[PDB]
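First comes the structure, then the notes that go with it.
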Amino acid sequence: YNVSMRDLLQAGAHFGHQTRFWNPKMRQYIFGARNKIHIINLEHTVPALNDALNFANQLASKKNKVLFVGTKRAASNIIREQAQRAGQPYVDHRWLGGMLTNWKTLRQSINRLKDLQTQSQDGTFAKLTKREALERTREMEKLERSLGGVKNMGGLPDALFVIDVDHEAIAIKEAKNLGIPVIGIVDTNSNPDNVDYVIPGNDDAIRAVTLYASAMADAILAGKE
RNA sequence: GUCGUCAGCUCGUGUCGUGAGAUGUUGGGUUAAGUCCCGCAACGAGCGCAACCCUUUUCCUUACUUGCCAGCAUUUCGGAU
């Protein structure tokens with residue numbers, strides 16, 4: 001499930017943000033600047049990505065659960081589809097404040113969503129009249145877009161795989177608080193201090209995020225033990 | 001009694017701060033209303049608002065006296081009979 005380097009180049013992982021938006025903590029990876037934007041070399045990307053894939057594969061072999069976090073508009077559909085393929089918990093919409101550090105309260109949310117979903121599955125919704133049907137149905141819609149991804153999830157995850165560390169800094173902080181390891185895609189304008197497995201690469205390209213999520217999901221499925 | 005029928009007043013877990021505290025309850029529309037809908041380190045609850053109670057406006061069913069009189073008949077022309 002390794003990515004080689006040519007696939008990374010075709011995806012476009014080598015691009016970064018403009019030089020004036022950089023974070024000086026990525027000097028080791030930034031390599032050079034072809035234009036007014038930085039170019040992240042894939043020579044450091046490939047091995048770190050391979051270690052991340054190996055770690056996730058070992059976690060899947062041990063049967064641990066790896067949560068997926070991407071909330072950008074570009075990466076939302078990709079994380080949704082790939083996490084559905086991999087059968088692991090996912091967070092598509094905005095990170096709720098206290099999803100992990102305040103899991104006890106989110107549990108009740110999962111429970112009443114399941115309850116009202118079973119109500120819709122059975123005939124209680126049918127005997128509920130039309131206007132009651134309608135506000136309970138948008139109750140469905142909002143709660144499902146809010147926490148549908150973590151509905152199967154019943155405990156704290158063993159790893160957190162994140163698309164944009166800056167865009168999802170809150171999740172990284174909660175993971176640091178609870179001690180759970182983080183694998184994340186960091187870019188030139190990003191802070192890598194609280195990421196245990198730091199893979200450097202592009203984050204805006206839909207090809208790049210698709211490649212990353214494909215590698216992650218294929219490793220998780222390839223656990224097979 | 002009064003502010004005043006004013007729309008406000010609080011609580012638990014989680015975060016930020018050495019701390020008193022803060023957040024949530026703020027931000028944009030809307031409403032008679034913290035009324036409702038969107039966003040957001042917050043996620044969840046109660047008392048308040050509204051409704052449930054009484055009365056009035058249209059119709060139906062049951063009930064036909066001590067109340068009623070459209071049709072019939074008799075009338076001292078008084079539903080008087």
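Proteins come first, then strands; the chains are lettered A, B, ... in the order of their sequence lines, and each starts at number 1. Scope of the values below: all heavy atoms of this structure, side chains included, with no hydrogens, waters or symmetry mates.
Sequence neighbours left out, the pairs with a member in residues 176-188 of chain A that pass side chain to side chain donor-acceptor pair (under 3.5 Å) are A/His17-A/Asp187.
A/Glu225 has no carboxylate O lying under 4.0 Å from a charged side-chain N of A/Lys63, or vice versa, which leaves the two without a salt bridge. Between A/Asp218 and A/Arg85 there is a salt bridge, since a side-chain N of the basic residue sits under 4.0 Å from a carboxylate O of the acidic one.
Comparing A/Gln108 and A/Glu174, the nucleotide of RNA chain B nearest to each residue sits closer to the 5' end for A/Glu174. Residue-to-nucleotide proximity on RNA chain B shows that, of A/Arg94 and A/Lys173, the 5′-proximal contact is made by A/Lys173.
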Residues A/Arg145, A/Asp92; criterion salt bridge (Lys or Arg N to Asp or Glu O under 4.0 Å); working and verdict: CA-CA 8 Å; A/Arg145 50 169 45 259; A/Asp92 60 333; over 6 Å; no
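Contacts between chain A and RNA chain B, taken as any atom within less than 4.0 angstrom of a protein heavy atom, begin and end at B/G12 to B/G44.
For the criterion of Watson-Crick or G-U wobble pairing, both bonds shorter than 3.5 Å, the nucleotides B/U25 and B/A42 do not count as partners. Nucleotides B/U35 and B/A80 fail to qualify as a pair under the Watson-Crick or G-U wobble definition, as the contacts are not both shorter than 3.5 Å. Taken as a pair, B/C43 and B/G12 qualify: Watson-Crick (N1-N3 plus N6-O4 or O6-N4) or G-U wobble (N1-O2 and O6-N3), both under 3.5 Å.
No engagement by A/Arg138 is indicated, since no non-hydrogen atom pair under 4.0 Å with the nucleic acid exists. Contacts of A/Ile170 with the nucleic acid, taken as non-hydrogen atoms under 4.0 Å apart, include base atoms.
Across the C1' atoms, B/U26 and B/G34 are found 13 Å apart, a figure rounded to whole Å. Taking atom P in both B/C11 and B/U23, the straight-line distance is 13 Å, to the nearest Å. Between the P atoms of B/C47 and B/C6, the separation comes to 22 Å (whole Å). Across the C1' atoms, B/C38 and B/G14 are found 25 Å apart, a figure rounded to whole Å.
Using the Watson-Crick or G-U wobble rule with both distances under 3.5 Å, B/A50 pairs with nothing in any strand shown.
Between A/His38 and A/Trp22, the angle of the ring planes lies from 30° to 60°, which puts this pair in the tilted group.
Syn is the glycosidic conformation of B/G78, whose angle stays within 90° of 0.
The two residues A/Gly201 and A/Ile185 have their closest heavy-atom pair at O-CG2, 3.9 Å.
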